[PDB]
Amino acid sequence: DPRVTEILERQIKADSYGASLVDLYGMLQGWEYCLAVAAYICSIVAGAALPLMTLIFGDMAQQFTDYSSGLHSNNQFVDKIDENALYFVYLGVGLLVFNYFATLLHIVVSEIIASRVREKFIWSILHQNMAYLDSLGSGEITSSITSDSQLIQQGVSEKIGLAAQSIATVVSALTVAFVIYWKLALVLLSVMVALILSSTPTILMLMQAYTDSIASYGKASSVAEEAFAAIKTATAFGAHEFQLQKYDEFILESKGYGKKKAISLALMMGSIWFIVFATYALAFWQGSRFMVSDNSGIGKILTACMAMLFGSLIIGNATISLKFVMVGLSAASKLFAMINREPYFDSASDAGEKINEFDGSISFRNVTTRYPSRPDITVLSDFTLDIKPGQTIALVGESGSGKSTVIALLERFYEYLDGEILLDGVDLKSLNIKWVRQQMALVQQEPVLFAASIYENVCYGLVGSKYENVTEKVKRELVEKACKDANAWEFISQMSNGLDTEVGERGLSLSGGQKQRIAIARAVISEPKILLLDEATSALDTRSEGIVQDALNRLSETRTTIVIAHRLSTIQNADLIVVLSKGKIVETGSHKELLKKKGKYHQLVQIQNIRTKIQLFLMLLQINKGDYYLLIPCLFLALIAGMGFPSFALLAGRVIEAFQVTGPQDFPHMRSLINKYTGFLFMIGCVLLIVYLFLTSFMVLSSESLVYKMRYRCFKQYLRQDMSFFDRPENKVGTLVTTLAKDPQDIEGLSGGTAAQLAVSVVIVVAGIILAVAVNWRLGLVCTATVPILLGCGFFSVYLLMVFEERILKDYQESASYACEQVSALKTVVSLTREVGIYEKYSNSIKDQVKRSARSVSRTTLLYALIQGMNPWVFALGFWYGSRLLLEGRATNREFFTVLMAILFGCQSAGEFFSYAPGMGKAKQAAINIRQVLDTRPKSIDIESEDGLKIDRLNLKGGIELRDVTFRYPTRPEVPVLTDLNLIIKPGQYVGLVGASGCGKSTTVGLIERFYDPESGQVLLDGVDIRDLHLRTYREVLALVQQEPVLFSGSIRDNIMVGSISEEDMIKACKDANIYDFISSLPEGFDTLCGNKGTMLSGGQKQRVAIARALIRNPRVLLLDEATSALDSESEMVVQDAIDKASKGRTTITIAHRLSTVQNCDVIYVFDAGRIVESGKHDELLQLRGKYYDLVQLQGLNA
Ligand SMILES: COCC(CCO[C@H]1CC[C@@]2(C)C(=CC[C@H]3[C@@H]4C[C@@H]5O[C@]6(CC[C@@H](C)CO6)[C@@H](C)[C@@H]5[C@@]4(C)CC[C@@H]32)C1)COC
C-alpha cells in the first residue's frame, strides 16, 4: 500500500518550478553570450546618452541669454551655437546607431532563447509517461506550445532592452542633474520624492479598485457561463430576465469600483501634472535664489530641471517593460516545470534489453494495476493469460470491465503495480521501451492521419524497422504492398495523384473506413510481431466495416494478436476468448466452449443478437446618449487644460528673459521678476491640477458607464437567440463567455482617459502652433513645419513597437501548428515511436525560422532607430535657425524660448496620446464585433417579439399534434431525425414515447417547446399552429423536465420559483414533488444555496426540485424528457412516484429510456428511423411481438 500509492503518485506528480532570468539566458551557448552582452551594453549606452540633450540645451540657453545681454560678440555666438548644434547632430547619430544595434541584438537573443525553450519543451512532452500527459490533456500542452513561448520571447525581447534603457536613462539623468548643480538637484529631488511618496495611497486605491472590478466581473462571467450552458432550461421556463438580472447585480458592482478607479486615476494624472509644474516653478525660483551667491546661470538651472524631469518621466515606460518581463517569467516557470519533470518511464534513453528473434509470445501473470487518476478503483485483478506465437486472443466484457487496460500495459502507457508480463520469457520492465513499442502495432478505435501525403503517412510506421533507411524506390514498393494487404489500393490507385495525395487539413477528405484502412497499412508495413486491435471497427458503419474487417482478418492470421471487440460477431474465429468483468477473468475458452457454459459470454451474445435485430463613433455615441451630461463639460475642461501649457510657455519665456543679468547689480530686479512669474507658474500648475482631476474623472466614469451598457445589452442579446444559435460550432459557451469578457471591455478604448488625452493633445498642439505664429511669425512657421515630424516620430515609435510585438506570434505559426497537430495525438505518435523524427522536423523548422525572422527584424529596426535619432536633429535645426534670427534682430530671447517651449515641448506631451493608439485597434475590432452582436436577430423564434395570438387559458385543452413533421438538425443537415411524423396527443393523455438510440424521440420536446421549427410540417396546440402563437405565453403553457436536472445558482426558493407563471403554490408544488420533507430537514428552509454544487444534493433530490419547479406553473402539457435516466434505483422509486402523481390531470408526453417508466402510459409510440412503427397500450404491443417486445426483452437481459 505505501508502495502502490507512491507509484500511483510518482506517475502523475507534477513538481513546481521557479524560473528566473538566469534560466532563460542559460539557453545561450558559446558565442551567443557575446550577443546578449553587446545588446545590454548598447541598450545601456543608448539610454544613458539620452539625457545629454539637457546638457546641450542648457548650454545653448546660456549662450542665448549671454548674447542677449551683450557679453560676447556675434562671432563667438555663432561659433558656440554651431559647435552645440554639431553636438546635437553627433548625439542623434549615436542614438540611431545604438538603438538599432540594441533592438536588433535583443530580438535575435530572444529568438535564440525561445527556440531552445521550444525544442526542450517538445522533447520533454513527447517523452512524458502517458498518465501525466492524460492529466494535462491537449489544451494545456497546445496552449503552452503556442501562447506560452510568445510570452517567453516578450520577456527577453526588446522589452527587457527598453526596461534596461529606461533604468539607464533615470540613472544618467540623476547623475547629470547632481554633477551640474547639486544644490538645486538635491532640492528638486527632495521635493519630488516627497510629492511621490505622498501619492502612494492613490496607487494602492487604483490597484484595489482594479482588483475589485476584476473579481466582480469574474462572478458575473460565472452567471453567464451557467446561463449559456443551461440555455435549454432557461428558454423553456422563460428564465431570461432572471439570468439577466443575476448578471446585472454583478456587473453593477464593477461599475461601483470603476468609480473609485476614476477618482484614483484622476488623482494620479493631477499629481503628475502638478509635480511637473511645481518642479519648474521651484527650479526657477530656487535657482534665482541661489544665483545671488553662486552666479550659476539659467543654463545650469535648466540643465538641472530638465534632467530631473527627464528621468522621472521616463519611469512610466520602464514599468510596462518590466511588467512584460515579469509576465514572461511566469510562463517560463510553467514551461520549465513541464521540461524538468522527469518521466516515470525512461523511454528517451537506450537502456534495456532487446530480444533477438522475437517470436511474439506474451505471458501475463497475476497482473494488477490501478490508474493514477482514481487510485481506489482496481481496473485489473490477478490477470493471468499465456499467449503463444500465432494465437488470437479476444478480450470481451461490459464497458468498465478493464479489457482496454491490457493494451495500455503492453504499450507501457501505464504501470502495473503487481504482477509480471513476459515477452518470450523476458520481463517487460527490463526491455527498451521504444523497442517494445516498435515490436507491436496499435490499431486504435479512432484512426489519426497527419497532414502529409499518404506515402508519408504509411511510411511513419517504418520507424525503427530494418526498412527505415533504404532506397526511396524500395520504400514505394513496400508502401504499395502494405496498401494492397490492407485493401487500400482500390481507393488510392483510383485517386488523382495516387500515393502522394495530401490528407488531413489539405488535399482530400477521407471517410472513416478509408482512414482506418490507411492506419491498418501503416501498422502492417513494419511487419509487427504483435498486433493490438483496440476496437478498430467500433467507429465505422455497416457498409465500410466489411472491408476493414477483411483486412484485419488477413493481418491477424499470422501475428500474435490481442483483439478488443465491441461487435462480438467478428471474433467467432478467435483462438481463445477471455471474458472480463470488474477486472477479473470470469471465464475463458473457445467460442463453442463458452456458449455451452450458459455464462456471461452467452448473455453478451444474446444482447448483441437482439440489438442487431433492432466610422463607428456614432454607434457607441448613440448607445451612450445618457452620459452627455458628463461629456459636454469635458470639452470645456479639455480646452482649459489645453490653454495651460501654452501659458506655461509664455511664463517660461518671460523667466528666461528675466535671467538676462549682466552682474550682481541686476540681481534685485531679476529676483523680483522671478518671484512675480513663479507665482503665476504655480497658480497655473494648480488650475490644471483641478482641471485634470475633473476631466479624467468624468471621462473614466463615462467609459465605465459605456462598458456596463455594452455588457448588459450584449448579455440581453445573447439570451434572445433561438436554440439553433447555441448549437453552432462558433457559438460555444466558452466562446460566448470569452466574447462577453473581452469585447465590452476592449470597446473602452474609445472613451475615458484615452479620449480625454486625445482632446487635450489636439487643443495643446493647436494652441501651441497658434501661439508660436502669433509671438513670432518667422519662427512660428519653421517650427510649425517640425510639428508633423515630431508627431510622426512619436506615433511611429509606438507603431513599430506594436509591429515588433505582433511579429512574435505571427512568425511562429507554421511550426506551432505542426507541433499542436503532433501533440493532439500523443498515443499514436508514441505508439509509432515518432518522437525523434517529429523533434528533428520541428527543430529544423524553428532553426530556419530564426534566420528568416532576423532579416525582417534587421530591416524594420533601421526605421525604428532613425525615428529614435530624429529628435536631436530637430533640436539642432531649431536652435541654429533661432540663433540666426536672433542675430538678424528678427527674434528675441523671450520670443525664441516661448516658441520653443510651446512647439517642441507641447508636441512631446501630446505624444502621450499615441501611447493609447494600440487600444484604438482593439477598440475598433471590438466595436465591429459588438455592432454584429447587437444586430443579430433570430429568423422566426423571437422570445422578445410581442406579435402573435394569445392562448386563452379558459378554452385551453392541451392537445398536441405533429402533422407531417420533417426535421433535420441544422448542425448536421445530412442526417434526418424525424421524417413525415404524424402524432396526435389527446387532451389529458399520458402518452409515452419509446425507441432505440438515434430514433429521434427526444426531438419531440424540442419541437413542442419550439426550440426549433420543422422544415416541413405543422405542430399544433388545440388546433392552432404554434408558429402563429405568442411565444412567451405558449411556453408558459408548457413545462419541461429534463434528463440531467439543472439548478441555477441561488436559494431553493429562487430556483423553484423560476417556473412561476405569476407563496402558497410554491409550498403546494414542493409537497407534490415529494421534496418538502427534505427541504424542511435542511438547516435553513427554502434558502439553501444549491449553486456550483453548493450542497450537492442527490440526483433524486435535484430531480424532485426540478419537478416542483415545473409544477408551480400548473402546466397544461408536462414534458418529461427522460427524467429518470441518471438516477439510482432507490431514488428512482420516489422520483417516479412524484412523476406519476404529477401526470394526473394534464397532458403528459414521456420520452423513456427505461421501459418501466412507460409501463402505465395510456398510449405508447415506438420510434424507428424517425417514424412511428407501433402504437397502442402495453399489452397490445407485447402481443404484436415486434420492436417493443425486442426492447423489453433487451431491458430484461441487461438487468
Ligand atoms: C494602466 O492600468 C493598468 C492596469 C492596472 C495597473 O495598476 C497600476 C499599477 C501601478 C502603475 C504601474 C500603474 C499606473 C501608473 C504607474 C505610475 C506612474 C507614476 O509616474 C511616476 C514617475 C513620474 C512622476 C512625475 C510621477 O510618478 C511614478 C512614481 C508612478 C508610477 C510609475 C507608479 C506605478 C503605476 C497601473 C493593469 O492592466 C492589465
# chains A, B, ... in the order shown; residues from 1 in each chain; ligands from 1

call {"tool": "closest_atom_pairs", "arguments": {"of": "chain A", "to": "ligand 1", "cutoff": "10 Å", "atoms": "only C-alpha atoms and all ligand atoms", "output": "JSON lines"}}
result
{"residue": "A:192", "atom": "CA", "partner": "ligand 1", "partner_atom_place_in_ligand_line": "25 (C)", "distance": 7.7}
{"residue": "A:193", "atom": "CA", "partner": "ligand 1", "partner_atom_place_in_ligand_line": "29 (C)", "distance": 8.7}
{"residue": "A:195", "atom": "CA", "partner": "ligand 1", "partner_atom_place_in_ligand_line": "26 (C)", "distance": 8.4}
{"residue": "A:196", "atom": "CA", "partner": "ligand 1", "partner_atom_place_in_ligand_line": "27 (O)", "distance": 5.8}
{"residue": "A:197", "atom": "CA", "partner": "ligand 1", "partner_atom_place_in_ligand_line": "29 (C)", "distance": 8.1}
{"residue": "A:199", "atom": "CA", "partner": "ligand 1", "partner_atom_place_in_ligand_line": "27 (O)", "distance": 8.2}
{"residue": "A:200", "atom": "CA", "partner": "ligand 1", "partner_atom_place_in_ligand_line": "33 (C)", "distance": 8.4}
{"residue": "A:202", "atom": "CA", "partner": "ligand 1", "partner_atom_place_in_ligand_line": "10 (C)", "distance": 9.6}
{"residue": "A:203", "atom": "CA", "partner": "ligand 1", "partner_atom_place_in_ligand_line": "10 (C)", "distance": 6.0}
{"residue": "A:204", "atom": "CA", "partner": "ligand 1", "partner_atom_place_in_ligand_line": "9 (C)", "distance": 8.0}
{"residue": "A:205", "atom": "CA", "partner": "ligand 1", "partner_atom_place_in_ligand_line": "7 (O)", "distance": 9.4}
{"residue": "A:206", "atom": "CA", "partner": "ligand 1", "partner_atom_place_in_ligand_line": "7 (O)", "distance": 6.2}
{"residue": "A:207", "atom": "CA", "partner": "ligand 1", "partner_atom_place_in_ligand_line": "7 (O)", "distance": 5.0}
{"residue": "A:208", "atom": "CA", "partner": "ligand 1", "partner_atom_place_in_ligand_line": "7 (O)", "distance": 8.7}
{"residue": "A:209", "atom": "CA", "partner": "ligand 1", "partner_atom_place_in_ligand_line": "7 (O)", "distance": 9.0}
{"residue": "A:210", "atom": "CA", "partner": "ligand 1", "partner_atom_place_in_ligand_line": "5 (C)", "distance": 6.2}
{"residue": "A:211", "atom": "CA", "partner": "ligand 1", "partner_atom_place_in_ligand_line": "5 (C)", "distance": 8.5}
{"residue": "A:261", "atom": "CA", "partner": "ligand 1", "partner_atom_place_in_ligand_line": "5 (C)", "distance": 9.5}
{"residue": "A:265", "atom": "CA", "partner": "ligand 1", "partner_atom_place_in_ligand_line": "14 (C)", "distance": 8.1}
{"residue": "A:268", "atom": "CA", "partner": "ligand 1", "partner_atom_place_in_ligand_line": "19 (C)", "distance": 7.2}
{"residue": "A:269", "atom": "CA", "partner": "ligand 1", "partner_atom_place_in_ligand_line": "18 (C)", "distance": 8.5}
{"residue": "A:270", "atom": "CA", "partner": "ligand 1", "partner_atom_place_in_ligand_line": "26 (C)", "distance": 9.9}
{"residue": "A:271", "atom": "CA", "partner": "ligand 1", "partner_atom_place_in_ligand_line": "26 (C)", "distance": 7.1}
{"residue": "A:272", "atom": "CA", "partner": "ligand 1", "partner_atom_place_in_ligand_line": "25 (C)", "distance": 4.6}
{"residue": "A:273", "atom": "CA", "partner": "ligand 1", "partner_atom_place_in_ligand_line": "25 (C)", "distance": 7.4}
{"residue": "A:274", "atom": "CA", "partner": "ligand 1", "partner_atom_place_in_ligand_line": "25 (C)", "distance": 8.4}
{"residue": "A:275", "atom": "CA", "partner": "ligand 1", "partner_atom_place_in_ligand_line": "25 (C)", "distance": 5.8}
{"residue": "A:276", "atom": "CA", "partner": "ligand 1", "partner_atom_place_in_ligand_line": "25 (C)", "distance": 6.3}
{"residue": "A:277", "atom": "CA", "partner": "ligand 1", "partner_atom_place_in_ligand_line": "25 (C)", "distance": 9.9}
{"residue": "A:279", "atom": "CA", "partner": "ligand 1", "partner_atom_place_in_ligand_line": "25 (C)", "distance": 9.4}
{"residue": "A:308", "atom": "CA", "partner": "ligand 1", "partner_atom_place_in_ligand_line": "25 (C)", "distance": 9.6}
{"residue": "A:309", "atom": "CA", "partner": "ligand 1", "partner_atom_place_in_ligand_line": "25 (C)", "distance": 7.3}
{"residue": "A:310", "atom": "CA", "partner": "ligand 1", "partner_atom_place_in_ligand_line": "23 (C)", "distance": 9.1}
{"residue": "A:311", "atom": "CA", "partner": "ligand 1", "partner_atom_place_in_ligand_line": "23 (C)", "distance": 8.1}
{"residue": "A:312", "atom": "CA", "partner": "ligand 1", "partner_atom_place_in_ligand_line": "23 (C)", "distance": 4.4}
{"residue": "A:313", "atom": "CA", "partner": "ligand 1", "partner_atom_place_in_ligand_line": "23 (C)", "distance": 4.7}
{"residue": "A:314", "atom": "CA", "partner": "ligand 1", "partner_atom_place_in_ligand_line": "23 (C)", "distance": 7.3}
{"residue": "A:315", "atom": "CA", "partner": "ligand 1", "partner_atom_place_in_ligand_line": "22 (C)", "distance": 5.3}
{"residue": "A:316", "atom": "CA", "partner": "ligand 1", "partner_atom_place_in_ligand_line": "32 (C)", "distance": 4.8}
{"residue": "A:317", "atom": "CA", "partner": "ligand 1", "partner_atom_place_in_ligand_line": "32 (C)", "distance": 8.2}
{"residue": "A:318", "atom": "CA", "partner": "ligand 1", "partner_atom_place_in_ligand_line": "32 (C)", "distance": 8.0}
{"residue": "A:319", "atom": "CA", "partner": "ligand 1", "partner_atom_place_in_ligand_line": "12 (C)", "distance": 5.7}
{"residue": "A:320", "atom": "CA", "partner": "ligand 1", "partner_atom_place_in_ligand_line": "12 (C)", "distance": 6.9}
{"residue": "A:322", "atom": "CA", "partner": "ligand 1", "partner_atom_place_in_ligand_line": "12 (C)", "distance": 9.5}
{"residue": "A:323", "atom": "CA", "partner": "ligand 1", "partner_atom_place_in_ligand_line": "12 (C)", "distance": 8.3}

call {"tool": "select_by_dssp", "arguments": {"residues": "segment 888-1059 of chain A", "states": "strand (DSSP E or B)", "output": "PyMOL selection string"}}
result
chain A and resi 949+960-968+976-985+990-995+1016-1021+1024-1025+1029+1038-1041+1051

call {"tool": "residues_around", "arguments": {"residues": "segment 598-610 of chain A", "least_positions_apart": "4", "cutoff": "10 Å", "atoms": "only C-alpha atoms", "output": "list in words"}}
result
residues 396, 397, 398, 566, 567, 568, 569, 577, 578, 579, 580, 581, 586, 587, 588, 591, 593, 594, 614, 1190, 1191, 1193, 1194, 1195, 1197 and 1198 of chain A

call {"tool": "write_last_selection", "arguments": {"atoms": "C-alpha atoms", "output": "short mmCIF file (atom, residue, chain, number, x, y, z; two decimals), in the first residue's frame"}}
result
data_model
loop_
_atom_site.label_atom_id
_atom_site.label_comp_id
_atom_site.auth_asym_id
_atom_site.auth_seq_id
_atom_site.Cartn_x
_atom_site.Cartn_y
_atom_site.Cartn_z
CA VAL A 396 -14.60 -9.10 -24.14
CA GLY A 397 -16.84 -7.71 -21.45
CA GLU A 398 -19.01 -4.79 -20.49
CA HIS A 566 -17.44 -4.47 -29.24
CA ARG A 567 -19.11 -6.41 -32.08
CA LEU A 568 -18.77 -9.97 -30.77
CA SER A 569 -19.78 -11.46 -34.14
CA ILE A 577 -11.79 -15.70 -25.80
CA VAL A 578 -11.27 -14.04 -22.42
CA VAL A 579 -14.32 -12.57 -20.67
CA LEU A 580 -13.56 -9.78 -18.21
CA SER A 581 -15.93 -8.32 -15.58
CA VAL A 586 -14.78 -14.63 -15.09
CA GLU A 587 -14.45 -17.31 -17.77
CA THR A 588 -12.26 -18.19 -20.74
CA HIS A 591 -16.37 -19.73 -28.96
CA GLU A 593 -16.90 -23.89 -25.31
CA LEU A 594 -18.25 -20.64 -23.82
CA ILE A 614 -33.42 -3.92 -33.78
CA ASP A 1190 -37.40 -6.68 -28.51
CA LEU A 1191 -36.88 -3.57 -26.38
CA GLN A 1193 -36.50 -8.30 -23.76
CA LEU A 1194 -33.30 -6.26 -24.05
CA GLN A 1195 -34.19 -4.39 -20.86
CA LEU A 1197 -31.46 -9.13 -20.32
CA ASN A 1198 -29.47 -6.02 -19.36
#

call {"tool": "residues_around", "arguments": {"residues": "residue 177 of chain A", "least_positions_apart": "2", "cutoff": "10 Å", "atoms": "only C-alpha atoms", "output": "list in words"}}
result
residues 51, 54, 55, 172, 173, 174, 175, 179, 180, 181, 182, 183, 184, 185, 186, 188, 189, 300, 301, 302, 303, 304, 305, 306, 307, 308, 309 and 311 of chain A

call {"tool": "closest_residue", "arguments": {"among": "A:69, A:955, A:115, A:1159", "to": "residue 849 of chain A", "atoms": "only C-alpha atoms"}}
result
A:115
